[PDB]
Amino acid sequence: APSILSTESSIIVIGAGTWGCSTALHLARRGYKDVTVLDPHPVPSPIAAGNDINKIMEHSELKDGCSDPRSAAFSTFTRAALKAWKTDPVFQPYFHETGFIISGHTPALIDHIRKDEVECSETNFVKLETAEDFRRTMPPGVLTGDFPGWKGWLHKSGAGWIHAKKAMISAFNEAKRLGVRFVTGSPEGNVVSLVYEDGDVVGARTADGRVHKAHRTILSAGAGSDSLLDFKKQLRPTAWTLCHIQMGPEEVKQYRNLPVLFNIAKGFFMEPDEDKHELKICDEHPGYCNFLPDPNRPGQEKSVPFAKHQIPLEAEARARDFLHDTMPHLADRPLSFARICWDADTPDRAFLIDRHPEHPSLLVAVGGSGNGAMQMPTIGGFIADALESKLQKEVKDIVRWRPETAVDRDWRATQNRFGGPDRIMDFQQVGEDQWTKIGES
């Protein structure tokens, strides 16, 4: 039914974010001559979850008795990703293999980590038992806290952090040098609808009323994808929170080459960025939704993203609680920046990358599920493979279109996340005066 795919086939990519820029770059490398990317914002988009001074990268090989099909698929994604972060000239300068510490501060959290993470991994970890053990993982003056009740595990190699924002820009620049066209801005790149003819997708319509036609359309608009196609509940747009503290010009010099410090029920931080010397803290929790009436499902809810360069005050407080335990000397410092950041969870938090069974010219590439940024170097390769009907067997069935897994989906499932109230939160229940007020009077 669909037109025969060739390198001369016109291709539209909706969304110039983490996955879209990667897909554009891979398509261009494969020789596709007519690729156009649409985005309501210029790269890097302010609403792209990948637009972040840092994200965590981690790869684990699993012991045999822990390798179900879904986790084997994920290891396949991250194995490929890790290799590319270390080699692809477009991405290599932005990966910092500083290691990764996973930890918890109650017996139940520690046991969950030991049983379900550490003992399933082929990684050899260093066990951190005491506050002193924690502090010694970083240079003097960095970690100063008492880590009360904390125990953890340090993974030295195959993990660290990536400069997601610069790597995205790097992928964008290279896609462009290789001939990809980017229509980025509003209304010209703001897609409001897919375009249908004969029951197939033939392109995209933007908010200026222009119709963009293509032989293939790739939907990779992150959380925003959920309003451009009926995903049959397969996506839950969900938001996490970050804030930055601005480090001083002398103090920042100790904060170099730091392993990621992650408490699965409190949060994490990464080292200050090279440009602004800002230290980022994410407070860990199951996520905020923004539950509004589903326009197509009477009596049902649907989480709808919105952009804000503030975070709820309760999130800031969780971030400072994390700081009190680890770096109390910073716990009262003013925030220089904060924002909410949107991704979308599938029901099993595996990716969703597949051609649409009812519209063969449409490829969806969505469902980052909290783990999509570290995939940036290689995800466009899997996505391109899917477009070319050769997505490899280790992953293709795990990431397929699977609406049957989302029937009567419970939006308030915590989906293996912890922290804060240990429940899914709702922005509709956050008071208008209950946000940070960075940059205001």
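Numbers follow the displayed sequence, beginning with 1.
### Query
Which is higher on average in the deposited entry, the C-alpha temperature factors of 272 to 280 or of 118 to 126?
Going by the record's values, the stretch with the higher mean is 118 to 126.
### Query
So 349 to 357 or 136 to 144, which one's hotter by mean CA B-factor in the entry?
Per the PDB record, 349 to 357.
### Message
I'd like to know which of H244, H215, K165, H324 has the highest C-alpha temperature factor in the PDB entry.
### Response
Most elevated C-alpha B-factor of the set, per the entry: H215.
### Message
Highest Cα temperature factor in the entry, among the options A207, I113, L292, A365: which one is it?
### Response
Comparing C-alpha B-factors across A207, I113, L292, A365, the maximum falls on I113.
### Task
Just say lowest, middle or highest third for the CA B-factor of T414 relative to the other modelled residues in its chain.
It falls in the middle third of the chain.
### Query
Where does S10 sit by CA temperature factor within its chain: lowest, middle or highest third?
Ranked within chain, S10 CA B lands in the highest tercile.
### Task
For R297, return the chain-relative third of its C-alpha B-factor as stated in the PDB record: lowest, middle or highest.
Highest third - that is where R297 ends up once the chain's C-alpha B-factors are sorted.
### Task
Name the third of the chain's ranked CA B-factors that contains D226, choosing lowest, middle or highest.
Ranked within chain, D226 CA B lands in the middle tercile.
### Task
For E188, return the chain-relative third of its C-alpha B-factor as stated in the PDB record: lowest, middle or highest.
For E188, whose C-alpha B-factor we compare with every modelled residue in the chain, the answer is the middle third.
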